[PDB]
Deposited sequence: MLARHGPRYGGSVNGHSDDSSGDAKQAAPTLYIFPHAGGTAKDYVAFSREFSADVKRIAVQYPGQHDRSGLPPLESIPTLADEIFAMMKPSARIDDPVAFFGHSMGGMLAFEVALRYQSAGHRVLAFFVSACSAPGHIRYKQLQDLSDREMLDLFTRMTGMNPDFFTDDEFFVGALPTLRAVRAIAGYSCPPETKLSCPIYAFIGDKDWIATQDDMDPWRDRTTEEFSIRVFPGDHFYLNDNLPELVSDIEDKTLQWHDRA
């Protein structure tokens, strides 16, 4: 009777990084921050794992919504697709600082995890390098779409993800699409937390009943 929002963190991001984000929401929305298990993994296989653990947390009748920042955007989209095919009620999908899924698969994911030689044109760089491998191996067919509205959010000074690469998220939905630009870089949300959350909450409760 109260919608539940699933929070998908960025590559290297934990559920603890999204405590401040979740705190900004009122009691009208339930928040479940996903914690990732962590040259063997892809976005769809990780989404299959997340979906298996996540499905029992909400009843088939329960209204659910998804939020993803950066890599979390690709995973949240993939888990939302699985929820829809399973017959769940997906209200909306909120994608932040994440490019729209590409249609081709790049064979640059067969490089060794010691990409230090190729990167030099250390342990702290491993999570970012593993994400590049998962992103270059991630593709989605043009026909694969959600039947719920998509809300895109981007930072004006983000070079990793721009309005141009976030715009094709409109083709990943059968319904409404909206894109909002906030001042900031790849982690713009830290400085725009009240306005971003009030926007997500308003839209989640709007589609809820």
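According to the record, the deposited residues with no C-alpha atom in the structure span 1-26, 65-72, 156-171, 260-261.
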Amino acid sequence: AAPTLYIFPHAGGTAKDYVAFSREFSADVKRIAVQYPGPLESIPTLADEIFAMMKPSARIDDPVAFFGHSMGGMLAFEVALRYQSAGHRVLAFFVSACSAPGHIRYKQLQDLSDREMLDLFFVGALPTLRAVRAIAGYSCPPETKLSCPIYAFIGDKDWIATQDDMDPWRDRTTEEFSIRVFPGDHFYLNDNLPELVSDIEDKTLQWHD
From here on, numbers count along this sequence of modelled residues.
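Between 176-184 and 138-146, the higher mean Cα B-factor belongs to 138-146. Higher mean CA temperature factor between 152-160 and 52-60: 52-60, per the PDB entry. When the C-alpha B-factors of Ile32, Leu40, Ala65, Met166 are read from the PDB record, the largest value belongs to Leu40. Of the residues listed, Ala100, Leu91, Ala125, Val95, the entry assigns the biggest Cα temperature factor to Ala125. For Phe77, the recorded CA temperature factor ranks within the lowest third of the chain's modelled residues. Ranked by Cα temperature factor within the chain, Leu5 sits in the lowest third according to the deposited record.
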